[PDB]
Amino acid sequence: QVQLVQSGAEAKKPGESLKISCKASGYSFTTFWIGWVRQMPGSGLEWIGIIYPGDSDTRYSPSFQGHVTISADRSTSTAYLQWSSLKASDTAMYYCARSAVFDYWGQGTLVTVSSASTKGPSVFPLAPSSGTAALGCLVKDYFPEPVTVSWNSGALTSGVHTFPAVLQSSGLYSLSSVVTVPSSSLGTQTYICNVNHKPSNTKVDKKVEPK
Amino acid sequence: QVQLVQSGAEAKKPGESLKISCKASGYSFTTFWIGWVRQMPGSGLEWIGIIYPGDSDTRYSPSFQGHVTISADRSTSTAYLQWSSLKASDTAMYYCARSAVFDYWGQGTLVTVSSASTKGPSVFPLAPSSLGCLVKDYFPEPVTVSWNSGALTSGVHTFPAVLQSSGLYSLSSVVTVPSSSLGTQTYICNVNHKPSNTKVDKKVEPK
Amino acid sequence: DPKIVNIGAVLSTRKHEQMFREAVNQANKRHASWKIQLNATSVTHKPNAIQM
Amino acid sequence: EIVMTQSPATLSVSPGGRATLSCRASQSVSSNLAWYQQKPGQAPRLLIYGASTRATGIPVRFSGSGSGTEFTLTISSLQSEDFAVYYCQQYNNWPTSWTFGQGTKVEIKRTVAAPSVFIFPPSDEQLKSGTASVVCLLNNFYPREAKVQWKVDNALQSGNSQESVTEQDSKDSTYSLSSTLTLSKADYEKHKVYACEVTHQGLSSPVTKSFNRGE
Amino acid sequence: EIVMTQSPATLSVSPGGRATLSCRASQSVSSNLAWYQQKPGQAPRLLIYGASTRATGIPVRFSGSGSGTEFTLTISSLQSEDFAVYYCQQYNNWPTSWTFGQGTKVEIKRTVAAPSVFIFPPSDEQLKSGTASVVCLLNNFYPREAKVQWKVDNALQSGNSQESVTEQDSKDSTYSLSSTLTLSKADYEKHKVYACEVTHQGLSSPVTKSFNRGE
């Protein structure tokens, strides 16, 4: 009965300073050795830091000292992570775990550090008319990752698909979500795809209709 | 390498007696407990007999004790099965085992005893309005089907045949087609029944 | 499937060899036949020791 | 002389779950048993003999256990190719007994769907013989439990309609149903309105398709 | 400052087999090990600590062993909703060391299957914007090795299409690739014949779903 919800996604140009949260619940906060780990795309996991939130005792990795300063606060148990500045080559995802044998991990909150600028997602519906039921919503060029989709506000989970996006030609990314369903139900149930790009805070709903 | 090819299917009028041949290969025929198993339509299984084909030492089942004529030739490895009489209401299918754990099985041999006789199937069309065909009185079973000589493959639904009270087998072949090709495509149904050697092509068109 | 084993050895005379073969065939019919087969061989006696 | 009880009567799993069947033993039948698989229109095979050993050439999913008291096999991670009828059979005093059972049956699971209803009248060729046949077709529905009713001039009829159900297709796991109404020309000419009314778990209301003679 | 060695890399077991994943230290760590599982698009979980004990709410299929070096984890009866990337880690001088490993990656083995093909043209909003794209997608096949080729105006053109392959699904272990073709409004309007070519072992012939530009 422990949840370690993290904060939302973040993307910013080199130079500024960051701040992310790992607010806990469900247990006596000042008794467990909270820490942090980092995962860059497709290499594995590594350790960065650890802190006992009863004496603010801290320790750091062989080579991470001074780049990032861990903190704590016994008012809502939120264990922050202070970033000094810049660190352009730091695009990765950061997890906060609990008990030194790490047990109860949280969500993911990817931090993007690039030179371009965020652009709102561009959605596109698909019109099915073949006799075999299959349809979806397409997310055109946008930046940056990540983004989430869900059909009918998460009222349909079977058969859903969601491909990994890729950068085609202009530093933007494109998505494609497809799903199938009984054929006879095409003209009797209203379909909506929900798109929420956290960086740009864009949220559109492209309703689809039979061709 | 073991094959247990049985004999071809056959059906007979009530009263007569029949013979069934289960040929074997790939192993020393006179070393293994060959048997037989029965299967009624849409039911379970029952054991008939068994015969060690070295000294014809058989042991019939109590269900049909002293009613069947199991035997086994030693030369050609063709352990037979012969009927005496009373084979009227016993339409089923029969298999031959191999070794008292049934490691290898044969194929399909169906026995149907009925009063009626062979009769060429009759085909009629069925077109939609606002498609397919129905075949009735195909005897003896089975009857094949090929829509437009097997032109279209998807959307076909050849339901299993059923026997009516009049001793006639019935089947129906239907397919779903776009409504924009009804007047632009030819709808044909071809049925070839070896039981009467009847090959009929019926063209179905909308009203 | 059966696994073959080959017990069987020297007897006195050919009639005895055939009797041995029929005996092993009798011993196969009882119990297992789908796991083990145990076909048997034979060979008769000879006067010279080293030849034997 | 021993009755094998096979339970459950009909299971159902999703493509990737597991399974657990039962062959109830009316006696302590030593430690000898077997388990047979059979698909429609084919010769069964052998899976497990002695209740614990695997026959050669059988994939590793199938396994079983039992010690002379309701032995059990567990097909783990049922793929698409599986799900046909099963059978249990014992052999204790052989050759004397050879008692089989009844066996369960496994069918794939899928989300609910609605049928498509079609009606076919006589094609005037069968009617020339003095017999009329009316076809009601239910296409691509799930699950199998559904009811079909014939109304002759808005009157219920019994004992003159036949029904046929196909086998679960390997692709979309549905069923197709046919219902035929056969009658003589004397009954056909005395009525004009015919209706086929279907009621089904996946349908909001009992939906009817009707037609009239000579139209 | 303790390096970690984990081998093999891409173990592949049939969906009833087992596994013998190994993780060997560089020194003599008595008992300070932990194993982790990470499914795609998720955050890992704990299943073993102490190299022998099990965590809370973890099935019995998992178990580990070893000391000093050559740590072993043995998955018994690999079910279907496995196929996650694994990791091993050690904690001797704590808190100072926290050195992870690289870990293997299981991959279930299935039976060959045949894919369907669907296509989608522009939606007249992208066409209004002047940017056109047509997409062809498959569904539930195996293995991933397949070749998809386009055909624009009965001609094979490249340099304007992109393809994507998901990870093996967690219910039946089937990839489903998608491919997209992007071109300007005039470039799309220059032709009226569009099709996707699919070549694989599952299907007998390279089925094609052509689209005729007729709006």
# chains A, B, ... in the order shown; residues from 1 in each chain; ligands from 1

$ residues_around --residues "segment 151-165 of chain D" --least-positions-apart "6" --cutoff "7 Å" --atoms "only C-alpha atoms" --output "VMD selection string"
(chain B and resid 159 to 160) or (chain D and resid 175 to 182 191 to 196)

$ calpha_fit_rmsd --fixed "chain D" --moving "chain E"
2.7 Å

$ closest_atom_pairs --of "chain E" --to "chain A" --cutoff "9 Å" --atoms "only C-alpha atoms" --output "JSON lines"
{"residue": "E:1", "atom": "CA", "partner": "A:62", "partner_atom": "CA", "distance": 8.2}
{"residue": "E:33", "atom": "CA", "partner": "A:101", "partner_atom": "CA", "distance": 8.8}
{"residue": "E:34", "atom": "CA", "partner": "A:101", "partner_atom": "CA", "distance": 7.3}
{"residue": "E:42", "atom": "CA", "partner": "A:107", "partner_atom": "CA", "distance": 7.9}
{"residue": "E:43", "atom": "CA", "partner": "A:107", "partner_atom": "CA", "distance": 6.6}
{"residue": "E:44", "atom": "CA", "partner": "A:105", "partner_atom": "CA", "distance": 7.2}
{"residue": "E:45", "atom": "CA", "partner": "A:103", "partner_atom": "CA", "distance": 6.7}
{"residue": "E:46", "atom": "CA", "partner": "A:103", "partner_atom": "CA", "distance": 5.6}
{"residue": "E:47", "atom": "CA", "partner": "A:103", "partner_atom": "CA", "distance": 8.9}
{"residue": "E:49", "atom": "CA", "partner": "A:101", "partner_atom": "CA", "distance": 7.3}
{"residue": "E:55", "atom": "CA", "partner": "A:103", "partner_atom": "CA", "distance": 9.0}
{"residue": "E:87", "atom": "CA", "partner": "A:44", "partner_atom": "CA", "distance": 8.5}
{"residue": "E:91", "atom": "CA", "partner": "A:101", "partner_atom": "CA", "distance": 8.0}
{"residue": "E:94", "atom": "CA", "partner": "A:100", "partner_atom": "CA", "distance": 8.3}
{"residue": "E:95", "atom": "CA", "partner": "A:59", "partner_atom": "CA", "distance": 7.4}
{"residue": "E:96", "atom": "CA", "partner": "A:61", "partner_atom": "CA", "distance": 7.1}
{"residue": "E:97", "atom": "CA", "partner": "A:61", "partner_atom": "CA", "distance": 7.5}
{"residue": "E:98", "atom": "CA", "partner": "A:47", "partner_atom": "CA", "distance": 6.1}
{"residue": "E:99", "atom": "CA", "partner": "A:46", "partner_atom": "CA", "distance": 7.0}
{"residue": "E:100", "atom": "CA", "partner": "A:46", "partner_atom": "CA", "distance": 6.3}
{"residue": "E:101", "atom": "CA", "partner": "A:44", "partner_atom": "CA", "distance": 7.7}
{"residue": "E:102", "atom": "CA", "partner": "A:44", "partner_atom": "CA", "distance": 6.1}
{"residue": "E:103", "atom": "CA", "partner": "A:44", "partner_atom": "CA", "distance": 8.3}
{"residue": "E:118", "atom": "CA", "partner": "A:134", "partner_atom": "CA", "distance": 7.5}
{"residue": "E:119", "atom": "CA", "partner": "A:128", "partner_atom": "CA", "distance": 8.8}
{"residue": "E:120", "atom": "CA", "partner": "A:126", "partner_atom": "CA", "distance": 6.5}
{"residue": "E:121", "atom": "CA", "partner": "A:126", "partner_atom": "CA", "distance": 7.7}
{"residue": "E:122", "atom": "CA", "partner": "A:126", "partner_atom": "CA", "distance": 7.5}
{"residue": "E:123", "atom": "CA", "partner": "A:126", "partner_atom": "CA", "distance": 6.2}
{"residue": "E:125", "atom": "CA", "partner": "A:124", "partner_atom": "CA", "distance": 7.7}
{"residue": "E:126", "atom": "CA", "partner": "A:124", "partner_atom": "CA", "distance": 7.4}
{"residue": "E:137", "atom": "CA", "partner": "A:178", "partner_atom": "CA", "distance": 8.8}
{"residue": "E:162", "atom": "CA", "partner": "A:168", "partner_atom": "CA", "distance": 7.8}
{"residue": "E:164", "atom": "CA", "partner": "A:163", "partner_atom": "CA", "distance": 6.5}
{"residue": "E:165", "atom": "CA", "partner": "A:163", "partner_atom": "CA", "distance": 7.0}
{"residue": "E:166", "atom": "CA", "partner": "A:163", "partner_atom": "CA", "distance": 5.9}
{"residue": "E:176", "atom": "CA", "partner": "A:161", "partner_atom": "CA", "distance": 8.7}
{"residue": "E:177", "atom": "CA", "partner": "A:163", "partner_atom": "CA", "distance": 8.4}
{"residue": "E:178", "atom": "CA", "partner": "A:163", "partner_atom": "CA", "distance": 8.1}

$ write_last_selection --atoms "N, CA, C and O atoms" --output "compact mmCIF listing (two decimals), in the first residue's frame"
# COMPACT_ATOMS: atom_id res chain seq x y z
N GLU E 1 32.68 0.06 -7.28
CA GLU E 1 33.81 -0.28 -8.14
C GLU E 1 33.92 -1.79 -8.34
O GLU E 1 35.01 -2.35 -8.32
N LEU E 33 22.70 -10.02 -3.16
CA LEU E 33 22.25 -9.95 -4.54
C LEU E 33 20.75 -9.67 -4.62
O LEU E 33 20.00 -9.90 -3.67
N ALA E 34 20.34 -9.16 -5.78
CA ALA E 34 18.93 -8.92 -6.06
C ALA E 34 18.70 -9.02 -7.56
O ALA E 34 19.56 -8.63 -8.35
N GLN E 42 7.30 0.27 -18.76
CA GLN E 42 6.93 0.14 -17.35
C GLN E 42 8.15 0.42 -16.49
O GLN E 42 9.22 0.78 -17.00
N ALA E 43 7.98 0.26 -15.19
CA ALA E 43 9.06 0.40 -14.24
C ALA E 43 9.30 -0.93 -13.54
O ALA E 43 8.34 -1.62 -13.18
N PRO E 44 10.56 -1.31 -13.34
CA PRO E 44 10.86 -2.66 -12.87
C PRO E 44 10.26 -2.96 -11.51
O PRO E 44 9.71 -2.11 -10.82
N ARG E 45 10.37 -4.23 -11.12
CA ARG E 45 9.88 -4.72 -9.85
C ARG E 45 10.94 -5.61 -9.21
O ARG E 45 11.90 -6.01 -9.86
N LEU E 46 10.75 -5.91 -7.94
CA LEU E 46 11.64 -6.79 -7.20
C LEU E 46 11.04 -8.18 -7.09
O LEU E 46 9.85 -8.33 -6.83
N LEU E 47 11.87 -9.20 -7.29
CA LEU E 47 11.38 -10.56 -7.15
C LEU E 47 12.28 -11.44 -6.28
O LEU E 47 11.80 -12.40 -5.67
N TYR E 49 15.65 -11.15 -3.35
CA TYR E 49 16.75 -10.52 -2.64
C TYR E 49 17.41 -11.54 -1.73
O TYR E 49 16.77 -12.49 -1.27
N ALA E 55 10.30 -12.18 -2.63
CA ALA E 55 9.64 -10.98 -2.14
C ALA E 55 8.19 -11.31 -1.82
O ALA E 55 7.78 -12.47 -1.80
N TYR E 87 17.60 -8.06 -14.83
CA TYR E 87 18.79 -7.39 -14.31
C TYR E 87 19.21 -8.04 -13.01
O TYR E 87 18.38 -8.57 -12.26
N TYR E 91 24.90 -5.41 -3.53
CA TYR E 91 25.06 -4.32 -2.56
C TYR E 91 25.89 -4.85 -1.38
O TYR E 91 25.34 -5.35 -0.40
N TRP E 94 27.35 -0.94 1.60
CA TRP E 94 26.24 -0.04 1.40
C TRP E 94 26.05 0.88 2.60
O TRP E 94 26.25 0.47 3.74
N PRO E 95 25.67 2.12 2.35
CA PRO E 95 25.52 2.69 1.01
C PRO E 95 26.81 3.30 0.49
O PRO E 95 27.15 4.41 0.86
N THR E 96 27.53 2.60 -0.39
CA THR E 96 28.53 3.24 -1.24
C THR E 96 28.59 2.69 -2.66
O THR E 96 28.97 3.44 -3.56
N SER E 97 28.22 1.43 -2.90
CA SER E 97 28.59 0.77 -4.15
C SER E 97 27.49 0.82 -5.21
O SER E 97 27.65 1.49 -6.23
N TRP E 98 26.37 0.15 -4.97
CA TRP E 98 25.21 0.14 -5.87
C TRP E 98 25.63 -0.02 -7.33
O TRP E 98 25.44 0.87 -8.15
N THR E 99 26.21 -1.17 -7.65
CA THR E 99 26.61 -1.47 -9.02
C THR E 99 25.64 -2.46 -9.63
O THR E 99 25.44 -3.56 -9.10
N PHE E 100 25.06 -2.09 -10.77
CA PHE E 100 24.07 -2.92 -11.44
C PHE E 100 24.76 -3.88 -12.40
O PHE E 100 25.98 -4.06 -12.38
N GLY E 101 23.97 -4.53 -13.25
CA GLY E 101 24.51 -5.37 -14.30
C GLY E 101 23.96 -4.95 -15.64
O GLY E 101 23.49 -3.82 -15.80
N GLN E 102 24.01 -5.85 -16.63
CA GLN E 102 23.44 -5.57 -17.94
C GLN E 102 22.25 -6.46 -18.27
O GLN E 102 21.36 -6.03 -19.00
N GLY E 103 22.22 -7.69 -17.76
CA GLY E 103 21.04 -8.53 -17.84
C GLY E 103 20.69 -9.08 -19.20
O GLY E 103 21.03 -8.49 -20.23
N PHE E 118 -4.28 -4.19 -43.75
CA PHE E 118 -5.26 -3.12 -43.90
C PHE E 118 -4.55 -1.86 -44.36
O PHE E 118 -3.35 -1.68 -44.11
N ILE E 119 -5.29 -0.98 -45.02
CA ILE E 119 -4.74 0.26 -45.56
C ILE E 119 -5.67 1.42 -45.21
O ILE E 119 -6.86 1.24 -44.95
N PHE E 120 -5.09 2.62 -45.19
CA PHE E 120 -5.82 3.84 -44.90
C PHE E 120 -5.27 4.96 -45.77
O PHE E 120 -4.04 5.19 -45.80
N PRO E 121 -6.14 5.67 -46.49
CA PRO E 121 -5.71 6.82 -47.28
C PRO E 121 -5.77 8.09 -46.46
O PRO E 121 -6.10 8.04 -45.26
N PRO E 122 -5.43 9.25 -47.03
CA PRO E 122 -5.57 10.51 -46.29
C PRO E 122 -7.00 10.76 -45.84
O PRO E 122 -7.95 10.12 -46.30
N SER E 123 -7.15 11.72 -44.94
CA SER E 123 -8.42 11.97 -44.28
C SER E 123 -9.06 13.28 -44.71
O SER E 123 -9.95 13.79 -44.02
N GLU E 125 -8.36 16.11 -44.36
CA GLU E 125 -7.88 17.25 -43.59
C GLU E 125 -6.38 17.44 -43.81
O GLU E 125 -5.91 18.57 -44.02
N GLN E 126 -5.63 16.35 -43.78
CA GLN E 126 -4.24 16.39 -44.23
C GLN E 126 -4.18 16.76 -45.71
O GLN E 126 -3.28 17.50 -46.13
N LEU E 137 -0.89 -1.56 -42.59
CA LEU E 137 -0.54 -2.20 -41.33
C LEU E 137 -0.94 -3.66 -41.35
O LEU E 137 -1.88 -4.06 -42.05
N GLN E 162 8.20 4.93 -43.98
CA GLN E 162 8.82 4.54 -42.73
C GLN E 162 8.00 3.44 -42.07
O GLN E 162 6.78 3.39 -42.19
N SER E 164 7.51 0.66 -38.51
CA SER E 164 7.66 0.52 -37.07
C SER E 164 7.22 -0.87 -36.64
O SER E 164 6.24 -1.42 -37.16
N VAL E 165 7.95 -1.43 -35.67
CA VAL E 165 7.71 -2.77 -35.14
C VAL E 165 7.62 -2.67 -33.62
O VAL E 165 8.55 -2.17 -32.98
N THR E 166 6.53 -3.17 -33.05
CA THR E 166 6.36 -3.15 -31.61
C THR E 166 7.12 -4.31 -30.99
O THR E 166 7.79 -5.10 -31.67
N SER E 176 3.39 -6.67 -34.75
CA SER E 176 2.45 -6.10 -35.72
C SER E 176 3.08 -4.81 -36.26
O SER E 176 2.96 -3.75 -35.65
N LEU E 177 3.73 -4.91 -37.42
CA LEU E 177 4.41 -3.77 -38.02
C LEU E 177 3.41 -2.83 -38.68
O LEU E 177 2.31 -3.23 -39.08
N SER E 178 3.80 -1.57 -38.80
CA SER E 178 3.06 -0.60 -39.60
C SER E 178 4.02 0.14 -40.51
O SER E 178 5.20 0.29 -40.21

$ select_by_dssp --residues "segment 21-146 of chain E" --states "alpha helix (DSSP H)" --output "PyMOL selection string"
chain E and resi 126-129

$ closest_atom_pairs --of "chain D" --to "chain E" --cutoff "10 Å" --atoms "only C-alpha atoms" --output "tab-separated table"
residue	atom	partner	partner_atom	distance
D:14	CA	E:171	CA	8.7
D:15	CA	E:171	CA	6.7
D:16	CA	E:171	CA	5.2
D:17	CA	E:80	CA	7.7
D:18	CA	E:79	CA	8.8
D:59	CA	E:16	CA	8.2
D:60	CA	E:16	CA	5.4
D:61	CA	E:16	CA	4.6
D:62	CA	E:16	CA	8.1
D:63	CA	E:16	CA	9.6
D:75	CA	E:16	CA	9.3
D:76	CA	E:79	CA	6.9
D:77	CA	E:80	CA	5.7
D:78	CA	E:80	CA	8.9
D:79	CA	E:172	CA	7.1
D:80	CA	E:172	CA	8.5
D:81	CA	E:111	CA	8.6

$ interface_residues --of "chain B" --to "chain D" --cutoff "8 Å" --atoms "only C-alpha atoms" --output "NGL selection string"
:B and (44-47 or 50 or 59 or 61 or 101-108 or 124-128 or 157-160 or 162)

$ write_last_selection --atoms "N, CA and C atoms" --output "compact mmCIF listing (two decimals), in the first residue's frame"
# COMPACT_ATOMS: atom_id res chain seq x y z
N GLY B 44 -19.28 -39.99 -27.02
CA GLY B 44 -18.00 -40.42 -26.50
C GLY B 44 -17.44 -41.61 -27.24
N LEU B 45 -16.64 -42.40 -26.53
CA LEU B 45 -15.95 -43.54 -27.11
C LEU B 45 -16.31 -44.82 -26.36
N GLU B 46 -16.15 -45.95 -27.04
CA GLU B 46 -16.35 -47.25 -26.44
C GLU B 46 -15.39 -48.24 -27.07
N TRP B 47 -15.04 -49.27 -26.31
CA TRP B 47 -14.08 -50.27 -26.76
C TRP B 47 -14.81 -51.50 -27.29
N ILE B 50 -10.04 -56.70 -29.05
CA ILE B 50 -8.59 -56.66 -29.19
C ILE B 50 -8.12 -58.06 -29.57
N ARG B 59 -10.12 -61.21 -27.09
CA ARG B 59 -10.88 -61.02 -25.85
C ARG B 59 -11.91 -59.93 -26.11
N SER B 61 -15.20 -57.43 -25.82
CA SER B 61 -15.77 -56.63 -24.76
C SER B 61 -17.13 -57.19 -24.35
N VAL B 101 -2.13 -48.90 -25.62
CA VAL B 101 -2.17 -47.50 -25.21
C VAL B 101 -2.52 -46.60 -26.38
N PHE B 102 -2.78 -47.18 -27.55
CA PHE B 102 -3.34 -46.47 -28.69
C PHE B 102 -2.34 -45.46 -29.25
N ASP B 103 -1.08 -45.89 -29.37
CA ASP B 103 -0.02 -44.99 -29.78
C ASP B 103 -0.24 -44.46 -31.18
N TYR B 104 -0.81 -45.27 -32.06
CA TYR B 104 -1.02 -44.87 -33.44
C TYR B 104 -2.44 -45.22 -33.85
N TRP B 105 -3.07 -44.33 -34.60
CA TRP B 105 -4.44 -44.53 -35.03
C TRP B 105 -4.52 -44.48 -36.54
N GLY B 106 -5.69 -44.83 -37.06
CA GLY B 106 -5.86 -44.95 -38.49
C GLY B 106 -6.46 -43.73 -39.16
N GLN B 107 -7.66 -43.89 -39.69
CA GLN B 107 -8.32 -42.84 -40.45
C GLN B 107 -9.82 -42.99 -40.23
N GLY B 108 -10.61 -42.37 -41.10
CA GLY B 108 -12.05 -42.45 -40.95
C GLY B 108 -12.70 -43.55 -41.77
N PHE B 124 -30.84 -25.53 -55.22
CA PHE B 124 -31.66 -24.35 -55.47
C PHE B 124 -30.90 -23.11 -55.05
N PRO B 125 -31.22 -21.96 -55.64
CA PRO B 125 -30.50 -20.72 -55.31
C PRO B 125 -31.17 -19.96 -54.18
N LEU B 126 -30.47 -18.92 -53.71
CA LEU B 126 -30.98 -18.06 -52.64
C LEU B 126 -30.28 -16.71 -52.77
N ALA B 127 -31.00 -15.73 -53.35
CA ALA B 127 -30.48 -14.39 -53.58
C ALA B 127 -31.07 -13.40 -52.58
N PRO B 128 -30.32 -12.35 -52.25
CA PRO B 128 -30.81 -11.36 -51.29
C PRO B 128 -31.68 -10.31 -51.96
N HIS B 157 -19.50 -19.97 -45.88
CA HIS B 157 -19.98 -20.67 -44.69
C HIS B 157 -20.74 -21.91 -45.14
N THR B 158 -20.03 -23.03 -45.24
CA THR B 158 -20.63 -24.32 -45.58
C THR B 158 -21.00 -25.02 -44.28
N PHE B 159 -22.26 -24.90 -43.88
CA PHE B 159 -22.70 -25.50 -42.64
C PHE B 159 -22.67 -27.03 -42.75
N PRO B 160 -22.49 -27.73 -41.64
CA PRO B 160 -22.54 -29.20 -41.68
C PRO B 160 -23.90 -29.69 -42.15
N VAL B 162 -27.23 -32.05 -42.46
CA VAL B 162 -28.10 -32.66 -41.47
C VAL B 162 -29.06 -33.61 -42.17

$ closest_residue --among "B:137, B:10, B:201, B:55" --to "chain C" --atoms "only C-alpha atoms"
B:55

$ closest_residue --among "B:49, B:41, B:14, B:155" --to "residue 63 of chain B" --atoms "only C-alpha atoms"
B:49

$ atom_distance --atom1 "atom CA of residue 191 of chain B" --atom2 "atom CA of residue 136 of chain D"
21.7 Å

$ atom_distance --atom1 "atom CA of residue 188 of chain B" --atom2 "atom CA of residue 133 of chain B"
9.1 Å

$ atom_distance --atom1 "atom CA of residue 139 of chain A" --atom2 "atom CA of residue 116 of chain E"
23.2 Å

$ closest_residue --among "A:131, A:171, A:182, A:66" --to "chain B" --atoms "only C-alpha atoms"
A:131

$ closest_residue --among "C:29, C:15, C:21, C:3" --to "chain B" --atoms "only C-alpha atoms"
C:29

$ closest_atom_pairs --of "chain C" --to "chain D" --cutoff "10 Å" --atoms "only C-alpha atoms" --output "JSON lines"
{"residue": "C:1", "atom": "CA", "partner": "D:56", "partner_atom": "CA", "distance": 7.2}
{"residue": "C:30", "atom": "CA", "partner": "D:94", "partner_atom": "CA", "distance": 9.5}
{"residue": "C:31", "atom": "CA", "partner": "D:94", "partner_atom": "CA", "distance": 8.6}

$ select_by_dssp --residues "segment 76-174 of chain A" --states "strand (DSSP E or B)" --output "ChimeraX atom specification"
/A:81-83,92-97,109-113,119,123-125,134-143,148-151,166-167,173-174

$ interface_residues --of "chain B" --to "chain C" --cutoff "10 Å" --atoms "only C-alpha atoms" --output "PyMOL selection string"
chain B and resi 30-33+52+54+98-103
